[PDB]
Amino acid sequence: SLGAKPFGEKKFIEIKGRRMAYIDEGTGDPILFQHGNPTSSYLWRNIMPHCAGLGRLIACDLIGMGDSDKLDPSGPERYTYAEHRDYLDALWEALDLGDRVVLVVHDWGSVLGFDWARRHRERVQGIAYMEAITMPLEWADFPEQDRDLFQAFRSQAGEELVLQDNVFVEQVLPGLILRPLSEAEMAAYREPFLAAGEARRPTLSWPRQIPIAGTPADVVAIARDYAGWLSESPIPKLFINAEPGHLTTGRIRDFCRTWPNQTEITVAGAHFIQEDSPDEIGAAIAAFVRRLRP
Ligand SMILES: [Ca+2]
Ligand SMILES: [Cl-]
Ligand SMILES: [Cl-]
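Just so you know, we're using PDB author numbering here: the sequence shown kicks off at 2 and counts up by one.
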């Protein structure tokens with residue numbers, strides 16, 4: 002159902018000198034849920050219950066997000082994709098995931114998850130994705146309504162928008178959810194970002210890292226690599242399409258629809274579709290996992 006209560010209890014682990022927070026419930030092969038910007042493990046709270054008893058249910062808070070530690074010192078060159086990947090790779094290693102991992106990804110969680118999967122293909126049993134970066138982007142893929150704002154994030158205006166005014170949390174997040182959020186839900190999303198300044202850096206560094214029109218070149222290359230791989234991989238996939246959807250529409254949806262061994266369902270939502278259709282999403286993931294684990 003819907004609801005503002007988190008799933009499970011937050012656990013903590015030291016990774017590269019910083020404390021990272023994660024949810025880890027149950028036993029067996031992992032079903033690994035990865036949030037992106039500007040969210041946390043909290044995004045999956047109404048979805049994870051649908052997988053009860055199908056394996057070890059894991060949702061990690063990316064560095065500087067959720068209940069994970071902030072980088073110290075924080076600044077404009079921190080919280081790059083490469084930096085997030087170093088922490089997340091190390092956390093996933095520390096969690097002893099084994100070699101039959103199901104990945105469930107969204108937003109920046111998909112760039113991280115798709116890349117990790119490409120680098121650890123023998124260990125990936127299935128990939129479920131939604132509102133994901135399925136390939137390097139162009140401004141034409143960006144919904145027209147968001148072009149100017151994201152271009153502004155990727156300019157000197159970004160610091161005032163995000164660090165001073167918390168625009169990603171306070172404007173973009175609810176703007177891309179169809180149903181109204183409760184007070185408790187917004188409180189959970191804003192909690193890691195209550196303080197103005199560097200506490201909010203992850204939510205600005207992320208849009209600056211989106212592979213668009215060839216920049217940044219490193220992230221473009223990573224996305225190009227996993228795009229090629231996924232388009233040829235026989236790993237079972239679940240594509241949760243959204244209507245109206247947001248990011249994964251047009252050209253980049255045309256592209257991910259070419260991926261082999263893929264089941265697709267459509268649910269109601271814009272970008273943060275987990276807040277609109279958690280039960281339909283969880284039910285689909287559960288059925289996917291049951292077929293993977295008979
Ligand atoms: Ca809304
Ligand atoms: Cl096993
Ligand atoms: Cl972003």
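Idealized CB from N, CA, C, for every residue including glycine.
Per the C-alpha coordinates, the member of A91, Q157, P237, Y130 positioned closest to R254 is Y130. Taking a cut-off of 5 Å from the heavy atoms of ligand 3, the residues with a C-beta inside it are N38, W207, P208. Judged by the Cβ position, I178 qualifies as a neighbour of ligand 1 at the 7 Å threshold, a heavy atom of the ligand being closer than this.
The beta carbon of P208 lies closer than 6 Å to those of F151, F154 in the same chain, with the five residues before and after it left out. Residue pairing by DSSP places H107 opposite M131 in a beta bridge.
With the rule of 3 Cβ pairs closer than 8 Å, the segment 209-225 counts as touching the segment 131-145. Per DSSP, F143 lies in no alpha helix (DSSP H) segment and is marked neither H nor E.
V106 and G270 have their alpha carbons spaced roughly 16 Å apart. Here the distance from the Cβ of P279 to the nearest heavy atom of ligand 1 is not below 7 Å.
Annotated three-state conformation of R258 is coil, per DSSP.
The alpha-carbon of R46 is positioned some 21 Å away from that of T204. Nearest in C-alpha terms to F13, of all of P7, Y23, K6, is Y23. Comparing alpha carbon positions, the residue from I286, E276, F289 closest to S2 is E276.
Linking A118 to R124 through their CA atoms gives a straight-line distance of about 8 Å. In this structure, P175 has its beta carbon less than 7 Å from a heavy atom of ligand 1. In the three-state reduction of the DSSP assignment, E26 falls in the strand class. The straight-line gap separating the alpha-carbon atoms of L44 and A185 is approximately 13 Å.
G99 has its CB nearer than 7 Å to a heavy atom of ligand 2. Contact between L177 and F34 is absent: CB atoms are separated by about 19 Å, not below the 8 Å threshold. Distance from the CA of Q165 to the CA of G29, rounded to the nearest whole angstrom, comes to 44 Å. With a cutoff of 8 Å on beta-carbon distance, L89 and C61 are scored as near each other. Of all alpha-carbon atoms in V163, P237, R225, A228, the one lying nearest the alpha-carbon of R201 is that of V163. Measuring C-alpha to C-alpha distances from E84 to each of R19, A133, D25 identifies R19 as the nearest. If you look at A60, you'll find it in the beta strand (DSSP E) that goes 57-61. Within a 10 Å sphere around the beta-carbon of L195 sit fewer than 16 other beta-carbons, which makes this residue exposed. With a threshold of 16 other beta carbon atoms within 10 Å, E132 meets it and is buried. Taking C-alpha positions only, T216 is separated from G54 by approximately 42 Å. If you draw a 10 Å sphere on the C-beta of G4, you find fewer than 16 other C-beta atoms in it, and that means exposed. Contact between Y227 and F115 holds, since their C-beta atoms are separated by about 4 Å, short of 8 Å.
If you draw a straight line from the Cα of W230 to the Cα of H121, it is about 12 Å long.
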